[PDB]
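Participant: Take this structure, written in structure tokens, and hold onto it; I'll ask about it next.
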Amino acid sequence: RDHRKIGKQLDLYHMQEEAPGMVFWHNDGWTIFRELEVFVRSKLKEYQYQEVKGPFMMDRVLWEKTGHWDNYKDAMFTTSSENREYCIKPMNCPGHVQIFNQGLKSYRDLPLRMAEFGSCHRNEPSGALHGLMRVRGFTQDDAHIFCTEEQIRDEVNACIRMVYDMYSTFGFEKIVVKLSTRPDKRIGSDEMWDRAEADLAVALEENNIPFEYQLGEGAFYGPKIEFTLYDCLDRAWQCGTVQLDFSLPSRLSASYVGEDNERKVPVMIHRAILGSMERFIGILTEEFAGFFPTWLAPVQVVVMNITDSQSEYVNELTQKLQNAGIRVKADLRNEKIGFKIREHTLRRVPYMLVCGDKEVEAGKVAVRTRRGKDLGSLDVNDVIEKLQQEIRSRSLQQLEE
Amino acid sequence: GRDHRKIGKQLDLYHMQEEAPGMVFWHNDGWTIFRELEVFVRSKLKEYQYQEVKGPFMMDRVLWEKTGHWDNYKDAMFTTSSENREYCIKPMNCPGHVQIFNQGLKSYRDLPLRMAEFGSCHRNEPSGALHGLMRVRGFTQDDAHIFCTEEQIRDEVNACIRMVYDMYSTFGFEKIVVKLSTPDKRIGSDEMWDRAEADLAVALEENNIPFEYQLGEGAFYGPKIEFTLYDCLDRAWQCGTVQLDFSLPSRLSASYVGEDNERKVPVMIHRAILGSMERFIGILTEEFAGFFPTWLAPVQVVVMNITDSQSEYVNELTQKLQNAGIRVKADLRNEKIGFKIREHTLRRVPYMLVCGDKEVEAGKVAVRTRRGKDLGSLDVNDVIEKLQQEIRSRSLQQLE
Ligand SMILES: C[C@@H](O)[C@H](N)C(=O)N(CCCCCn1cnc2cc(Br)c(Cl)cc2c1=O)Cc1cccc(-c2ccc3c(c2)CNC3=O)c1
Ligand SMILES: C[C@@H](O)[C@H](N)C(=O)N(CCCCCn1cnc2cc(Br)c(Cl)cc2c1=O)Cc1cccc(-c2ccc3c(c2)CNC3=O)c1
Ligand SMILES: [Zn+2]
Ligand SMILES: [Zn+2]
């Protein structure tokens, strides 16, 4: 269960010292990545998020106004052009605000949920890099919610439900939650912090979630909830975060027209559920030990013949699975069936549809799982329908009997 | 008029600001168009048997010096530093494709290798030469690199040519001008070039493509075919390029084991069809004047009521359309039908479905196009089936 080994074995990705902590995604690895994007994208639609794309770099002058510059200048990649310095974004928040500030905003437009698969870059020390876990070039399942103070509880509530919903898909039901409270050096009144910390607390209570405090461990611009998941080895991974921000909107001159017609500053909620797509793929790899659920599998089905006599049955059957939308390959090589099964089992293909003389004559197919189970000879159409159901529902488990 | 900058703001597709010169902020409706365009290309990538990869945002200046590109293009390259090492923010995806190829023992049977990528690229263009989505600093390339044998070239260039006219046809671009670039300075032998310039020439003749030679403007590393498509205003846009590279593979230690077990440096075909995804979206925005084909439209359908009596019938039809894979919104606002229909006609919504008492009673729906054509009250299921076909076929034309 090492993502760096399974990564080389299943030809998912590689990394080089010409680009430290920046992944080269091969075909099969990029297929897992994109299928994860499609999953999150379906949750963005379900939870009523917009999806945007922001530039890779912006003026240092803009990044200076955020108040992150002095603290994290050493971690930020810079580049120059025509006597102007540009930062390579390590965060998507300031870009999301620029999009928000285009056109006059109203109380009617809030809550405004702005998601992005934000390609971010951090100048992290090369010694502290490790595979897909610690990287320089990463992609966040990021979003920023612009809302009123009245709307915070409802929006954090929705973020909490979204976290547990998405984690359940991958079989993560043991979640540790930590609410980080006002730090010694903070912006805003104590009353603002009382309400904000309460808003996160009540939201967790409203979802019947037991949690604990990380005292004074909150950011200077507001308190945060952090979600830690436990894999099948009972190893703790901090992935999810819901962070309140009473600073950045004001800094970058974000405003809307209230119901009383008074120009107000929106509250910003920073939220990431998976956190780093690269790290989460890393975690899933070790979690499943290369046995990715069918919907994530780079190749979901290999249709294979015993002899040359079934070559055209395989081609017709491969075409049907293709048309059904299943990631299917044909193995028509001059090799024994045991060799074919052995090779595709090693590559962790969920299903191997074996076609012999008896399968052709009956219009059926023999299904073998990568675990080595034999489901017997089934009707071709009934099998496709079942594989479609297993993919559509993003099921963790394979076909029974 | 049909300015992509004006339409971009009107339909909330994109914005650009001085804090990021020649860099696009893709808003929700604009990012929807962008992604549908990616899905379209991916459908062609599957059809023409292309694998899809993703490369690093930046690589060491050492690698870009080995390519020979630093020499004359360093002034148009973005550079950053980390731990006393200089890195180049890539203006191209070619070197990164070779690194993926180099990882794994490549044989002659693994050729041809068709490696595609939506390559996030950056070049430091003069700020004065920037305009809209057409000339930018930060762009996205529908790029691919074909690793093939010297003999496989002509066939793999045919596929490329076929793929160009195929993809251009979808958006309704039939007027294409082609140019074969043959230079005083060059790598390798004159016999090599006599076959390389002929591989491109015969491929265009076989396909009955009239082309004009551009003697000199090719490259030292090999010749190129440039494709220029024409919009409804007869404006020229050089979008497609097919470039043969004999240098970069060898210069970046690329090799495959041949049929005779001899280590041969593979030939690299550089191909981009749309070119810049943002520029194409720019051309498309002006071509259609914001009236995007249904399959590209940010919002494809709006379902609306005449009174609060049909509100539930609307919410149900909305769900059935959403379940059918159609981008649909419901308009149950207390506004006159003429107000509603104008707003979605202004937003260039292909289809406006209106639900009156007569529509509810018959299980039907009144269909109006953004062109103002009243198609009348039709069976709900027959409409959804007709809309599905229009989207899944990527039809330029609406229901008449
Ligand atoms: C949730 C999202 O909207 C938010 N914007 C964000 O990105 N956050 C929230 C907390 C910020 C604390 C303060 N903080 C922390 N680190 C910084 C680093 C830099 Br550089 C700069 Cl300029 C600012 C900061 C900064 O404000 C950080 C965040 C959240 C989730 C995963 C990751 C994350 C995950 C994996 C990796 C990395 C980051 C870097 N290398 C990896 O391998 C980062
Ligand atoms: C087809 C694809 O695989 C190919 N590799 C490629 O990227 N090419 C073609 C090969 C010519 C090399 C000459 N050339 C031109 N400019 C450079 C700039 C830099 Br910086 C560097 Cl390092 C090298 C070069 C360089 O070799 C460049 C290419 C192809 C198609 C569209 C565009 C292109 C389209 C739109 C925009 C830009 C570029 C920049 N700003 C825009 O708005 C660029
Ligand atoms: Zn943020
Ligand atoms: Zn190239």
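In the structure tokens, each chain is lettered A, B, ... as it comes, each chain's residues begin at 1, and ligands are numbered from 1 in order of appearance.
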So that I can check the surroundings of region 381-395 of chain A, please list as a VMD selection string every protein, DNA and RNA residue that reaches within 8 Å of it, counting only C-alpha atoms and ignoring chain neighbours fewer than 6 positions away.

Facilitator: chain A and resid 169 293 to 295 321 324 326

Participant: So that I can see what lies close to residue 282 (chain B), please list as a PyMOL selection string the residues with an atom at most 9 Å from it, counting only C-alpha atoms and leaving out residues fewer than 3 positions away in the same chain.

Facilitator: chain B and resi 3-5+8+132-134+277-279+285-287

Participant: Any chance you can output those residues with N, CA and C atoms as a PDB file, in the first residue's frame?

Facilitator:
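Listed below is the output, result03.pdb:
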ATOM      1  N   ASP B   3     -18.707  42.024 -30.891  1.00  0.00           N
ATOM      2  CA  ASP B   3     -17.430  42.055 -30.124  1.00  0.00           C
ATOM      3  C   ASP B   3     -17.505  41.007 -29.004  1.00  0.00           C
ATOM      4  N   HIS B   4     -16.548  40.075 -28.961  1.00  0.00           N
ATOM      5  CA  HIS B   4     -16.466  39.001 -27.932  1.00  0.00           C
ATOM      6  C   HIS B   4     -16.267  39.620 -26.541  1.00  0.00           C
ATOM      7  N   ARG B   5     -15.632  40.795 -26.473  1.00  0.00           N
ATOM      8  CA  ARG B   5     -15.399  41.561 -25.218  1.00  0.00           C
ATOM      9  C   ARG B   5     -16.748  42.028 -24.666  1.00  0.00           C
ATOM     10  N   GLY B   8     -18.951  38.875 -24.022  1.00  0.00           N
ATOM     11  CA  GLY B   8     -18.303  38.295 -22.829  1.00  0.00           C
ATOM     12  C   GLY B   8     -18.840  38.897 -21.540  1.00  0.00           C
ATOM     13  N   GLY B 132      -8.154  41.267 -26.159  1.00  0.00           N
ATOM     14  CA  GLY B 132      -9.237  40.319 -25.820  1.00  0.00           C
ATOM     15  C   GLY B 132      -8.735  38.905 -25.586  1.00  0.00           C
ATOM     16  N   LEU B 133      -9.466  37.911 -26.096  1.00  0.00           N
ATOM     17  CA  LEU B 133      -9.119  36.468 -26.007  1.00  0.00           C
ATOM     18  C   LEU B 133      -8.211  36.075 -27.177  1.00  0.00           C
ATOM     19  N   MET B 134      -7.983  36.992 -28.124  1.00  0.00           N
ATOM     20  CA  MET B 134      -7.294  36.720 -29.415  1.00  0.00           C
ATOM     21  C   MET B 134      -5.775  36.713 -29.224  1.00  0.00           C
ATOM     22  N   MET B 277      -7.548  27.624 -26.934  1.00  0.00           N
ATOM     23  CA  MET B 277      -8.961  27.356 -26.547  1.00  0.00           C
ATOM     24  C   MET B 277      -9.680  28.696 -26.345  1.00  0.00           C
ATOM     25  N   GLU B 278      -8.998  29.684 -25.762  1.00  0.00           N
ATOM     26  CA  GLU B 278      -9.583  31.008 -25.426  1.00  0.00           C
ATOM     27  C   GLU B 278      -9.833  31.790 -26.718  1.00  0.00           C
ATOM     28  N   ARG B 279      -8.883  31.748 -27.654  1.00  0.00           N
ATOM     29  CA  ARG B 279      -8.989  32.442 -28.965  1.00  0.00           C
ATOM     30  C   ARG B 279     -10.146  31.847 -29.772  1.00  0.00           C
ATOM     31  N   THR B 285     -17.604  33.110 -30.312  1.00  0.00           N
ATOM     32  CA  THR B 285     -18.457  34.153 -29.684  1.00  0.00           C
ATOM     33  C   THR B 285     -18.867  35.178 -30.748  1.00  0.00           C
ATOM     34  N   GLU B 286     -17.918  35.605 -31.588  1.00  0.00           N
ATOM     35  CA  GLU B 286     -18.148  36.620 -32.653  1.00  0.00           C
ATOM     36  C   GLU B 286     -18.895  35.958 -33.817  1.00  0.00           C
ATOM     37  N   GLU B 287     -18.424  34.795 -34.276  1.00  0.00           N
ATOM     38  CA  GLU B 287     -19.059  34.006 -35.367  1.00  0.00           C
ATOM     39  C   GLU B 287     -20.570  33.897 -35.111  1.00  0.00           C
TER      40      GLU B 287
END

Participant: What residues in chain A lie within 7 Å of chain B, counting only C-alpha atoms, written as a PyMOL selection string?

Facilitator: chain A and resi 18-19+22-27+30+50-55+57-59+62+77-79+81+99+123

Participant: Would you list the residues that come within 8 Å of ligand 4? Count only C-alpha atoms and all ligand atoms and give the answer as a PDB file with N, CA and C atoms, in the first residue's frame.

Facilitator:
ATOM      1  N   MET B  92       5.098  25.959 -23.905  1.00  0.00           N
ATOM      2  CA  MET B  92       4.847  24.796 -24.797  1.00  0.00           C
ATOM      3  C   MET B  92       4.820  23.512 -23.965  1.00  0.00           C
ATOM      4  N   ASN B  93       4.217  22.454 -24.509  1.00  0.00           N
ATOM      5  CA  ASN B  93       3.996  21.168 -23.794  1.00  0.00           C
ATOM      6  C   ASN B  93       4.869  20.063 -24.399  1.00  0.00           C
ATOM      7  N   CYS B  94       5.623  20.361 -25.464  1.00  0.00           N
ATOM      8  CA  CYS B  94       6.400  19.355 -26.241  1.00  0.00           C
ATOM      9  C   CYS B  94       7.420  18.669 -25.329  1.00  0.00           C
ATOM     10  N   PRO B  95       8.352  19.394 -24.660  1.00  0.00           N
ATOM     11  CA  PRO B  95       9.348  18.743 -23.803  1.00  0.00           C
ATOM     12  C   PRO B  95       8.744  17.816 -22.738  1.00  0.00           C
ATOM     13  N   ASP B 143      -3.299  20.670 -27.496  1.00  0.00           N
ATOM     14  CA  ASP B 143      -2.004  20.184 -28.035  1.00  0.00           C
ATOM     15  C   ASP B 143      -1.989  18.658 -28.021  1.00  0.00           C
ATOM     16  N   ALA B 144      -1.152  18.076 -28.874  1.00  0.00           N
ATOM     17  CA  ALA B 144      -0.852  16.631 -28.896  1.00  0.00           C
ATOM     18  C   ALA B 144       0.489  16.433 -29.594  1.00  0.00           C
ATOM     19  N   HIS B 145       1.192  15.362 -29.237  1.00  0.00           N
ATOM     20  CA  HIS B 145       2.503  15.001 -29.826  1.00  0.00           C
ATOM     21  C   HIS B 145       2.472  13.528 -30.225  1.00  0.00           C
ATOM     22  N   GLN B 243       3.413  20.253 -37.229  1.00  0.00           N
ATOM     23  CA  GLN B 243       4.881  20.489 -37.298  1.00  0.00           C
ATOM     24  C   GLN B 243       5.624  19.166 -37.090  1.00  0.00           C
ATOM     25  N   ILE B 269       5.503  14.454 -34.196  1.00  0.00           N
ATOM     26  CA  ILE B 269       4.530  15.329 -34.908  1.00  0.00           C
ATOM     27  C   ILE B 269       3.866  16.225 -33.860  1.00  0.00           C
ATOM     28  N   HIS B 270       4.067  17.541 -33.972  1.00  0.00           N
ATOM     29  CA  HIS B 270       3.385  18.574 -33.151  1.00  0.00           C
ATOM     30  C   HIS B 270       2.082  18.952 -33.850  1.00  0.00           C
ATOM     31  N   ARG B 271       0.932  18.760 -33.203  1.00  0.00           N
ATOM     32  CA  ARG B 271      -0.363  19.165 -33.808  1.00  0.00           C
ATOM     33  C   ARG B 271      -1.225  19.883 -32.768  1.00  0.00           C
TER      34      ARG B 271
END

Participant: Just give me the gap between CA of residue 310 (chain A) and CA of residue 361 (chain A) in Å, one decimal is fine.

Facilitator: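 Between CA of residue 310 (chain A) and CA of residue 361 (chain A) the gap is 10.0 Å.
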
Participant: Got a sec to check which residues lie within 7 Å of ligand 1, using only C-alpha atoms and all ligand atoms, and send them as JSON, numbers by chain?

Facilitator: {"A": [68, 69, 72, 73, 75, 76, 90, 91, 92, 93, 122, 132, 133, 134, 135, 136, 138, 140, 142, 143, 144, 219, 239, 240, 241, 242, 243, 270, 271, 272, 275, 276, 279]}

Participant: Report the residues of region 32-159 of chain B whose backbone DSSP state falls under helix (DSSP H, G or I), written as an MDAnalysis selection string.

Facilitator: chainID B and resid 32:47 61:67 70:76 94:102 108:110 127:129 153:159

Participant: Work out how far CA of residue 136 (chain B) is from CA of residue 239 (chain B), in Å to one decimal.

Facilitator: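 The value is 14.3 Å.
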
Participant: Using only C-alpha atoms, can you tell me which of A:263, A:153, A:224, A:65 comes closest to residue 244 (chain A)?

Facilitator: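 Going through A:263, A:153, A:224, A:65 one by one, the smallest distance to residue 244 (chain A) is for A:224.
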
Participant: Neighbours of residue 238 (chain A) within 12 Å (only C-alpha atoms; same-chain residues fewer than 5 positions away dropped), as a tab-separated table (two decimals) with N, CA and C atoms, in the first residue's frame?

Facilitator:
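So the final result, stored in around06.tsv, reads:
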chain	number	residue	atom	x	y	z
A	133	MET	N	1.71	13.22	-1.91
A	133	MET	CA	1.29	13.65	-0.54
A	133	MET	C	1.73	15.09	-0.29
A	175	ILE	N	-14.68	10.02	11.01
A	175	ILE	CA	-14.24	11.44	10.83
A	175	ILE	C	-14.06	12.09	12.20
A	176	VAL	N	-12.86	12.62	12.47
A	176	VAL	CA	-12.55	13.45	13.68
A	176	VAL	C	-12.66	14.92	13.27
A	177	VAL	N	-13.38	15.72	14.05
A	177	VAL	CA	-13.68	17.15	13.76
A	177	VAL	C	-13.05	18.02	14.86
A	178	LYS	N	-12.45	19.15	14.47
A	178	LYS	CA	-11.74	20.08	15.39
A	178	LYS	C	-12.10	21.52	15.01
A	225	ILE	N	-13.35	24.98	11.04
A	225	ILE	CA	-13.57	23.52	11.29
A	225	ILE	C	-12.58	22.76	10.40
A	226	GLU	N	-11.90	21.75	10.96
A	226	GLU	CA	-10.99	20.85	10.20
A	226	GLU	C	-11.47	19.41	10.37
A	227	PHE	N	-11.62	18.69	9.25
A	227	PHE	CA	-12.10	17.29	9.17
A	227	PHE	C	-10.92	16.36	8.90
A	228	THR	N	-10.69	15.41	9.81
A	228	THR	CA	-9.66	14.34	9.70
A	228	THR	C	-10.37	13.01	9.46
A	229	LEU	N	-10.06	12.33	8.35
A	229	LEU	CA	-10.64	11.00	8.01
A	229	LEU	C	-9.63	9.90	8.37
A	230	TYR	N	-10.13	8.69	8.63
A	230	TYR	CA	-9.34	7.48	8.95
A	230	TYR	C	-9.55	6.42	7.87
A	231	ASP	N	-8.45	5.97	7.24
A	231	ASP	CA	-8.44	4.93	6.18
A	231	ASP	C	-8.65	3.55	6.83
A	272	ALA	N	-12.68	23.41	1.41
A	272	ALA	CA	-12.09	22.33	0.61
A	272	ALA	C	-12.41	21.01	1.32
A	273	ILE	N	-12.94	20.03	0.59
A	273	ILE	CA	-13.42	18.75	1.19
A	273	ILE	C	-12.33	17.69	1.03
A	274	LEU	N	-11.93	17.41	-0.21
A	274	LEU	CA	-10.82	16.48	-0.54
A	274	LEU	C	-9.48	17.14	-0.18
A	275	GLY	N	-9.41	18.47	-0.33
A	275	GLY	CA	-8.23	19.30	0.00
A	275	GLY	C	-7.32	19.45	-1.20
A	276	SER	N	-6.36	18.53	-1.35
A	276	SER	CA	-5.50	18.37	-2.55
A	276	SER	C	-5.96	17.12	-3.31
A	279	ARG	N	-3.09	14.61	-3.38
A	279	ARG	CA	-2.94	13.92	-2.07
A	279	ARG	C	-4.08	12.90	-1.90
A	280	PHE	N	-5.32	13.28	-2.25
A	280	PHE	CA	-6.52	12.44	-2.05
A	280	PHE	C	-6.43	11.20	-2.94
A	283	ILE	N	-4.04	9.03	-1.22
A	283	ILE	CA	-4.72	8.36	-0.07
A	283	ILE	C	-5.55	7.19	-0.60
